[PDB]
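A.B. asks: How does the following fold in three dimensions:
(one chain, ligands or ions: 1)
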Amino acid sequence: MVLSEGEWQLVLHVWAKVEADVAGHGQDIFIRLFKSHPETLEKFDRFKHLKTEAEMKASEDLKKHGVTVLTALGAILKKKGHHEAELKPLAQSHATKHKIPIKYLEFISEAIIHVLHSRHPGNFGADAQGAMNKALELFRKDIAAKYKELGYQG
Ligand code: HEM
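C.D. replies: Numbers count the residues shown, from 1 in each chain. Have a look at this structure:
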């Protein structure tokens, strides 16, 4: 699949807003993910002890992790589809070291859309959400293909 320049513009326009507060968006997204799909929390040995949203918000390590994740995702989105090089190491660590099923990538994609919808309604209307979903589907599709080449079905 391929996004048009118009769709990329919608994606990058709302992403520019997210970059005004990467740490904050990172926390909201992971808290949403962990609360909505608690099973994903078990994949993080560093955070699986967190019991409440309050503890999650107060975790300095979780906040730093969120920044690392969103920074990596932002770099991929800014490539506008030409992300082969960026995807290689990400696909290897998540398939081989962390063992993250494609299903879980769908869950975090849902969390990202939910947070952008809540925080940026004016810049995240129907068309913008469709563009973001398409960009994330492309990401998940290419990651899945790499998973297979690497020997991980998940
Ligand atoms: C938007 C998709 C995602 C991106 C861009 C992303 C990115 C990253 C990055 C850059 C790191 C640090 C470097 C590395 O280990 O490769 C990381 C670590 C990790 N990711 Fe992801 N990730 C994504 C989704 C997920 C999901 C859905 C899970 C599982 C629910 C997951 C689990 C992990 C784990 C367990 C680590 C190691 C954390 C640690 O122990 O420090 N990731 N991820």
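A.B. asks: distance of residue 47 from the ligand?
C.D. replies: 8 Å (CB to the nearest ligand atom, to the nearest Å). Every C-beta, even on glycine, is put in place using the N, C-alpha and C of the backbone.
A.B. asks: Does that residue belong to a helix, a strand or coil?
C.D. replies: Three-state assignment for residue 47 (DSSP: H, G, I helix; E, B strand; the rest coil): coil.
A.B. asks: how near is it to residue 40?
C.D. replies: 10 Å (CB to CB, to the nearest Å).
A.B. asks: Now for the two: what residues contact both?
C.D. replies: Here residue 47 and residue 40 share the contacting residues residue 34, scored by CB atoms under 8 Å, 6 or more residues apart in numbering.
A.B. asks: Let's see stretch 21-39 as PDB, backbone CA atoms only.
C.D. replies: C-alpha atoms of stretch 21-39 as PDB (Å, rounded to 0.1, in the frame of the first residue of the first chain):
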ATOM      1  CA  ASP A  21       5.200  17.400  24.300                       C
ATOM      2  CA  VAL A  22       6.700  14.000  23.500                       C
ATOM      3  CA  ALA A  23       7.000  12.900  27.100                       C
ATOM      4  CA  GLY A  24       3.400  13.700  27.900                       C
ATOM      5  CA  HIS A  25       2.000  11.900  24.800                       C
ATOM      6  CA  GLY A  26       4.200   8.900  25.600                       C
ATOM      7  CA  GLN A  27       2.800   8.500  29.100                       C
ATOM      8  CA  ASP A  28      -0.800   8.900  27.900                       C
ATOM      9  CA  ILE A  29      -0.300   6.300  25.100                       C
ATOM     10  CA  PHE A  30       1.300   3.600  27.300                       C
ATOM     11  CA  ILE A  31      -1.200   4.100  30.200                       C
ATOM     12  CA  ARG A  32      -4.000   3.700  27.700                       C
ATOM     13  CA  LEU A  33      -2.300   0.600  26.300                       C
ATOM     14  CA  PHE A  34      -1.700  -1.000  29.700                       C
ATOM     15  CA  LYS A  35      -5.200  -0.200  31.000                       C
ATOM     16  CA  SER A  36      -7.000  -1.300  27.800                       C
ATOM     17  CA  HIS A  37      -4.900  -4.500  27.200                       C
ATOM     18  CA  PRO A  38      -3.300  -5.500  30.500                       C
ATOM     19  CA  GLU A  39      -1.700  -8.500  28.800                       C
END
